[PDB]
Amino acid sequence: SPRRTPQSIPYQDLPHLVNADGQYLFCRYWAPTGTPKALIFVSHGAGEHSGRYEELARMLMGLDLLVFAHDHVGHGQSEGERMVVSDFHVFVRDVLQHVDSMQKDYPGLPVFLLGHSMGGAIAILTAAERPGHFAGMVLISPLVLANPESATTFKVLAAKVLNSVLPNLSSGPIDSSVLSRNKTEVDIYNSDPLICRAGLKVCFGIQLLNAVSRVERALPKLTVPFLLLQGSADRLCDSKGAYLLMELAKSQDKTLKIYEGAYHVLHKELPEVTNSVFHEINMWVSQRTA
């Protein structure tokens, strides 16, 4: 009987890739009609999925890039216990597998990464693993420094799980309303059956803590060009992290745009913010694929 997504759709009916642990990842592609100028992988965040990037991906495809993505293990239409990961590096390993597969299929093209939130930490660690190989990285509110208060509170729970055997302990859910000022986008997020909005399993939050630690160690060695988009009112990925990334990265091509008063999900924020975000990514990628 065929392997099916967690929503019961046979993988044989969907674009997919099998990762190094034998788990099926659901994949998406947006390719232009002409010859592609470059490849770009879209790296989604915690609890969400690649389908949330439809509009951004179609904009990038319109610049003649071949955009590709997958749902990370434990997310969306990919396999794995929901919101569990044996180690955070699994996400990076799987991105690298998909990139390597695509570069075989479409050789000679430069490859970019775009990542948001947890997906931005994944993007940072992916570029850091392959210094010199990626042409550029677009980061929308990447997880660099967590909100200090939320992180300290969580670290209490983390102390229980790290010192005891408590496999089912969970944090309280994040309030989706404090992550975008656009109430319609919040309602869409709350309506999407592929989003996990349950409280975070403490074991997974521990891997996010590992992600923050690894990102810190990676920054002084990062050299990839990057565009960094950050809201000043981000209640999850603290803006201090974006400033620290600008300061500590060794990249010779680094740009920060701060959106004053904007919340975390900048590409699903108020129209004037999101329109700027799309425009600024368009300009930055166009200039680096000319």
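We call the rigid core the largest set of C-alpha positions that still match within 1.5 Å between the two forms. Residue positions are given as counts along the sequence shown, with the first one as 1.
**Q** Between 105-113 and 145-153, which one shows the bigger average Cα displacement from this form in 5 other deposited structures of this protein once the rigid core is aligned?
**A** It is 145-153 whose C-alphas lie farther from the shown form in 5 other deposited structures of this protein.
**Q** Between 172-180 and 116-124, report the one with more C-alpha displacement in 5 other deposited structures of this protein relative to this form after a rigid core superposition.
**A** Per-stretch check in 5 other deposited structures of this protein: the more divergent one is 172-180.
**Q** Quick one: higher average CA temperature factor, 29-37 or 59-67?
**A** Taking the mean B-factor of the alpha carbons in each, 29-37 is higher.
**Q** Read off the CA B-factors in the entry, average them over 97-105 and over 198-206, and name the higher stretch.
**A** So the stretch with the higher mean C-alpha B-factor is 198-206.
**Q** Can you tell me which of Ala218, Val138, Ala158, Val186 has the maximum CA B-factor listed in the PDB entry?
**A** Highest CA B-factor of the listed options: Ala158.
**Q** Which listed residue, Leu169, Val73, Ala123, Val144, has the largest C-alpha temperature factor in the record?
**A** Comparing C-alpha B-factors across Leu169, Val73, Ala123, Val144, the top value belongs to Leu169.
**Q** Ranking every modelled residue in this chain by its Cα temperature factor as given in the entry, which third contains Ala249?
**A** CA B-factor rank for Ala249: middle third.
**Q** Considering only modelled residues of the same chain, in which third does the CA B-factor of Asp13 rank: lowest, middle or highest?
**A** It falls in the middle third of the chain.
**Q** Looking at the entry's B-factor column for C-alpha atoms only, identify whether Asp192 ranks in the lowest, middle or highest third of its chain.
**A** Lowest third.
**Q** Would you mind ranking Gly80 by its C-alpha B-factor against the rest of the chain and naming the third, lowest, middle or highest?
**A** Middle third, going by the recorded CA B-factors of the chain.
**Q** Please say which third, lowest, middle or highest, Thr153 falls into when its CA temperature factor is compared across its chain.
**A** CA B-factor rank for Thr153: highest third.
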